[PDB]
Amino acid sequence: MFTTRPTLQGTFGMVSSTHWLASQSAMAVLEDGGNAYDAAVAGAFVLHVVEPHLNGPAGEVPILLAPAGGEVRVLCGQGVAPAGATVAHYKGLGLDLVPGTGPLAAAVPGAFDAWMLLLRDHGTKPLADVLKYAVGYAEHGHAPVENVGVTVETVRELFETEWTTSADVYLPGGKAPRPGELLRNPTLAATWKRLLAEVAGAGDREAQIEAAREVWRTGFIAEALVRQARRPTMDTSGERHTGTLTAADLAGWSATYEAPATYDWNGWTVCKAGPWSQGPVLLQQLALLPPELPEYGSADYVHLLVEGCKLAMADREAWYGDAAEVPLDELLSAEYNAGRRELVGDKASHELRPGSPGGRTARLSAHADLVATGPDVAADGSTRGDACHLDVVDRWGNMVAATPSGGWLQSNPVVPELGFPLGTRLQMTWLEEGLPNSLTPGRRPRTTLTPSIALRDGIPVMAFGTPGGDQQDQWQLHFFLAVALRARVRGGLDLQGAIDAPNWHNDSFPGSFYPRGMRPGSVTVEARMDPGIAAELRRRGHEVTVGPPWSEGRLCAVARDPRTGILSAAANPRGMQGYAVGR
């Protein structure tokens, strides 16, 4: 059975990411004696340079780490809303939704501190050695994918007319980035060099990293961000607004560790970030499944999965966030889920139906209620396209999986003394009080960013993820199941066959991104899915959209066979960008 790449197999290390430049940069770290965490940090910073349309240094990142011996652990690099970012304030600006662009959408940037923590607690390499790769591609250049330049062109009027600092970087002399020529960001290069120069004398290896955390937090980086945040900036609303972001918000905030949300299923345990992310929706879909699944890849299998996802997503909308306690145990309990799988019926649901965990009655946002009636980038700079992904496993068996995002070029003006813009993750909160995901000071917005680590018999086995917003834990569920249900290839998990497999998603819920619309009953399948499966689904009431052959999922996966010690990896071929490397 043909696969677009091999599921690579080896004994030294594996990397999977959404861009080959990042994968090979992370692998170069392993080849120089670094570990999985050293490698991820390096890959992450190259990812800022090579996918600036999908992430950036001022974005955010959840990291799942599975060190060889010990506990699976989450490192939360999702920042919070500013102290001054209240519903009342945003309501006072005449807003009904948080804007998709501009400084009002910016959470405290969380990703940088998170990488530094990972580097200092679990790394072995210094900062300079781990980010020379990014610096090199920033100052000397890299040949970009067509999506970078296309993204810039879409947002050109806005850059030239309004966000002129972004025009300085991305439209030098009016010239957008082009494939087959070297794209540079000399300012981003300078920022890291300066960071490295004023941290060099700070002491031992970790003292340097810790002083770099403070340079970000309180030094020249922080100064510039706040200054930019407070400059009146055109946004999606059509008015120029200012951010509430403050020197103190930055000075106070750190990335934190926490236990994963986990769910045992069929000999495996899937590990995710807590319900401040969408991570637990994957888990909820597992618990929804009966012990007896239909024939893999079949019309009954898909339908079952689509209806279960709708159920599970309704619960995230209703229950998930960081402005209230989330009844997660009850949502993953067998009693609750036994009740819920009965709601999966022969016809396709066009409704949003959250359940009542622990008898609690569901509160939905007015806008969510309203939207439930039953392109990548706009000229605005409003977007759907979301994030990168990066997975590493090393010779010692350490695993990481991270989905960094935010701080992309389309949706905020570049901070001129730094070279990158502020993020836009507050767009996923509600401007309504009393909700789990109410925009709230000191709270993370409920984020789409959702990496995965799978265990088999309680042993860390597979580290994987994908970008793509509200598709992230849809594509990953279809992926993970196929790994578990498909036949082994070369006596190992069929990672690439699972990735290659036709994939799908639905939009039958309010979307995380501005303007937060929904399409009741809507499912989208790749054109290579059997056309009789499409036929069955429409028969069963689904509003089926037939997208292109190679359009669904940007999956990454690394894996370790625990009995044999053999590392493997796979990557998504769609968009000819994602790539696995290893040996």
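Start at 1 and count along the sequence shown; that's the residue number.
- The deposited sequence places 10 or more unmodelled residues between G374 and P375.
- For the segment pair 422-430 and 304-312, the entry gives 304-312 the higher mean B-factor, averaged over Cα atoms.
- Note on 103-111 vs 242-250: mean CA B-factor is higher in 242-250.
- Note on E51, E543, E60, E31: the highest value goes to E543, judged by CA B factor as recorded.
- If you compare the C-alpha temperature factors of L343, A138, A501, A167 in the entry, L343 comes out highest.
- Per-chain ranking of the deposited C-alpha B factor places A527 in the highest third.
- When the CA B factors of the chain's modelled residues are split into thirds, the value for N572 lands in the lowest one.
- When the modelled residues of the chain are ordered by C-alpha B-factor, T161 sits in the middle third.
- Among the modelled residues of the chain, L65 sits in the middle third by CA temperature factor in this PDB entry.
- Per-chain ranking of the deposited C-alpha B factor places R217 in the highest third.
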